[PDB]
Structures are given as structure tokens and as C-alpha cells.
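The chain below stands alone, shown as C-alpha cells; this is the form deposited in one PDB entry.
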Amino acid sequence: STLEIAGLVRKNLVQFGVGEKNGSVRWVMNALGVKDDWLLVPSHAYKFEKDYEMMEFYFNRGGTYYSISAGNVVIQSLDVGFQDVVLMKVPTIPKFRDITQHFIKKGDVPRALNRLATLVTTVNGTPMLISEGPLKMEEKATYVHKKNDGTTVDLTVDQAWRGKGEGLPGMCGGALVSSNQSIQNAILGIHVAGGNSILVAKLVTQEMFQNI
């Protein structure tokens, strides 16, 4: 069911924060553990701020904290070009339950179209189920990202789900879950943008995990 997939997502969601060494942590959004010490996280969380690699990355797992130098996480792309969401290996994180097999297969994408979905996310750790209207797939999705100084950048990704719904700051990094039980309520991807009553999630397929 949607709810049982949501439970698996919830257990693997951690809070992602960034701070200077010896500084205060800025909690930015969610990251989703997928397998071993690998997580999915929107790279827009960190990559557009100055000297990201000199920062400390923080992972809050239910009130237990795991920090690491940004230079010591291994970032892997989902595909060629910029997709925002990346795979990130964090050596200090406890091993995650492998949920990769709950992600949609590339070939099954059409089966999630025109059907409801649920964004399974948190706002700073408080779990939320956010209803999304019948889904469409945008071959190229463009959305705004607001940086720390209030200025904005326009990001474009390949293959992003679009659904009617209401998002709030911090929900990025949550997982979109299909209402379609015939594909076992597959995880469709990762929430990257919200606004104007539209929710955008980068498609993440099972096949993408082959990239390590």
C-alpha cells in the first residue's frame, strides 16, 4: 500500500544540514537513505553556495547526528547532465535498509501517469504525507532555487513528475510515492521544487542505482 511504502521512506529519511566548521548548523531539507551508506539528496541543497567542500555536512537520524566534511562524501550523478538529485556516500552514516527495489523501473513510468501520488516527506523531521494530483511527466522541468542571500537561480532537469499540491520549505528530498498498487506503490523520485500549487519531483528509477 501507499502507507506501507511511506513507512519505509519515513524510516530512511534524515535531515540534511550544512555548517562551517565550529559553526551553527543550517538544516536545509531531507535526504533519503537508499542502500548501504548511500543517500539521495537534491544537490541544490549545497552546490550553489560558496566553498561547499569546506563545509561540514550533517545528517540527523531521529535525533542522532552524523557529521562529515563535505570533501569526504562521494557524490555520484544519476545520469548525464544536471539532475539536481544526486547519490551521496556518507561513510559515517549507519547502514540503511535497502529500499532501491521499491523505486519505479524505467519501463513502468507510464503506469504512474495520470494517477494520484503521495509526497512522503518531513519538515525538519516532522513526517508529512502530502497529496499530489494526477501526475504528469515533464521531459524538461525548470524551477527556481532561492539561495541563502535571497537571490535565485533557475535549474533545469530531465524527467520530473509534476502534480497539483501544496509544498512548504524543507520538504525537498522527500519521496514521491505512486497511488498505483499494480506497480506496488512505487517510489517515483525525489521532491525538488514546490510553488504555485505545483509539486516537482525528479524521476529516480531503479536503473539509476547502477551508477553506485
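Residues carry their position along the shown sequence, with the first being 1.
- Taking the PDB entry as given, 14-22 carries the higher mean Cα B factor of the two stretches 14-22 and 187-195.
- Across the two stretches, 170-178 and 52-60, the PDB entry reports the greater mean Cα temperature factor for 52-60.
- Per the deposited coordinates, the residue with the largest Cα temperature factor out of 153, 28, 70, 41 is 153.
- Reading the B-factor column for the CA atoms of 45, 160, 34, 144 in the entry, the top value corresponds to 144.
- Ranked against the other modelled residues of its chain, the C-alpha B-factor of residue 111 as given in the entry falls in the middle third.
- Per the PDB record, residue ranking by Cα B-factor puts residue 210 in the highest third of the chain.
- Residue 140 sits in the highest third of its chain by CA B factor, as recorded in the PDB entry.
- Annotation for residue 94: CA B-factor lies in the middle third of the chain's modelled residues.
- Among the modelled residues of the chain, residue 87 sits in the lowest third by CA temperature factor in this PDB entry.
Another form, the form solved in complex with a partner chain, is not on view; read the next lines as being about it.
- In terms of contact with its partner chain in the deposited complex, the residue from 101, 72, 77, 142 that brings a heavy atom within 4.5 Å is 142.
- Contact with its partner chain in the deposited complex, defined as a heavy atom within 4.5 Å, holds for exactly one of 157, 34, 171, 186, namely 171.
- In the deposited complex, none of the heavy atoms of residue 47 sits within 4.5 Å of a heavy atom of its partner chain.
- Residue contact with its partner chain in the deposited complex: residue 14 places no heavy atom within 4.5 Å of it.
- Although the partner is absent here, residue 162 lies within 4.5 Å of its partner chain in the deposited complex, judged by heavy atoms.
- Its partner chain in the deposited complex comes within 4.5 Å of a heavy atom belonging to residue 198.
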